[PDB]
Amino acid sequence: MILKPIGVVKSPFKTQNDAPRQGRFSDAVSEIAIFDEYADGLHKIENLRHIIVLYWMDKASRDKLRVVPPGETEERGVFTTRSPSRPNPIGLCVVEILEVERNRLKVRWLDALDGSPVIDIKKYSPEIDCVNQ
């Protein structure tokens, strides 16, 4: 299983120390530049307000299985958290499209470090992404 990057992220977060814990609590604007060879996968995306972005957290550790979430004292499995470190550092964010510039998207709520590779983008859908509780 080999992932082929379909784009790259451009944001104001250069290092792990600059990006927000969770993009939903930040007003920072990020850019998703999809590669020309995949650009055609954006057809009619301007009809969407919210999308799901999967990116690769390249500087994250891939052999860490236990972590202490911020504010916590004891460790827990990474699969029970949103920590960047995990066997497959896939960053998952629900973002809001603010603009569509050809093969580039201006969005907010994305918390990827500048330069992070983009893996996939899907339609955000309340009925399947949200749990009524």
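Numbers follow the displayed sequence, beginning with 1.
Of 120-128 and 16-24, the stretch whose C-alpha atoms average the higher B-factor in the entry: For C-alpha atoms only, the mean B-factor is higher in 16-24.
Mean temperature factor over C-alpha atoms, higher-scoring stretch between 51-59 and 95-103: Of 95-103 and 51-59, the stretch with the higher C-alpha B-factor average is 95-103.
Out of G41, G77, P84, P87, highest CA B-factor residue: Largest recorded C-alpha B-factor: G41.
Third of chain Cα B-factors occupied by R66: Middle third by C-alpha B-factor.
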